[PDB]
Each structure stands twice: as structure tokens, then as C-alpha cells.
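> fold the following.
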Amino acid sequence: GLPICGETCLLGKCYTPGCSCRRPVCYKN
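Numbering: from 1, shown residues only. And now the structure:
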């Protein structure tokens, strides 16, 4: 739910485990 990953997903990929892309930002739980 929160952008804890510190990743953006414009292409749509997050590397952080347990991180879901919700374009254009990655969110972890």
C-alpha cells in the first residue's frame, strides 16, 4: 500500500520483493 520500495514503475516493474507496481509508482503493501 505504501511506496516503501523507493521505485517507480513507468515501465511497470519493481525489483523490491513484495512490491506491487501501481503505475507509475511501486507500492509495498
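
> just the strands from this structure, written as ranges.
Using DSSP state E, the strands of the chain run over residues 20-22, 25-27.

> just say which of the ones you listed is most tucked in.
Ranked by mean neighbour count under mean count of other CB atoms under 10 Å, the strands of the chain are led by strand 25-27, which reaches a mean of 17. Every C-beta, even on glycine, is put in place using the N, C-alpha and C of the backbone.

> before we move on, back to that, tell me which of the strands of the chain sits nearest to residue 11.
strand 20-22 (9.0 Å; CB to CB).

> that closest one - contacts with which helices or strands?
With contacts taken as 3 or more CB pairs under 8 Å, 6 or more residues apart in numbering; DSSP states H and E, strand 20-22 sits against strand 25-27.

> near the nearest residue to residue 22 once chain neighbours are set aside, how many other residues are there?
Nearest non-adjacent residue to residue 22, counting by CB to CB, 6 or more residues apart in numbering: residue 9, 7.5 Å away. Residue 9 is flanked by 18 other residues according to other CB atoms under 10 Å.

> so residue 9 sits against residue 28, correct?
No. Using CB atoms under 8 Å, residue 9 makes no contact with residue 28, being 11.9 Å away.

> now the residue lying farthest from the centre of the chain: how far from residue 19?
Residue farthest from the centre of the chain, counting by CA atoms, centre = their mean, is residue 11 at 10.9 Å. In this view, residue 11 and residue 19 are 14 Å apart by CB to CB, to the nearest Å.

> hang on, the earlier thing: what's the closest of the strands of the chain to residue 1?
With CB to CB as the measure, strand 25-27 is the member of these nearest residue 1 (5.9 Å).

> okay, now the nearest residue to residue 4 once chain neighbours are set aside: neighbour count?
With CB to CB, 6+ apart as the criterion, residue 4 has its nearest non-adjacent residue at 4.1 Å, and that residue is residue 28. Residue 28 has 16 neighbours, counted by other CB under 10 Å.

> my guess is residue 10 contacts residue 22, does it?
No. When contacts are counted by CB under 8 Å, residue 10 is not listed as touching residue 22 (11.8 Å).
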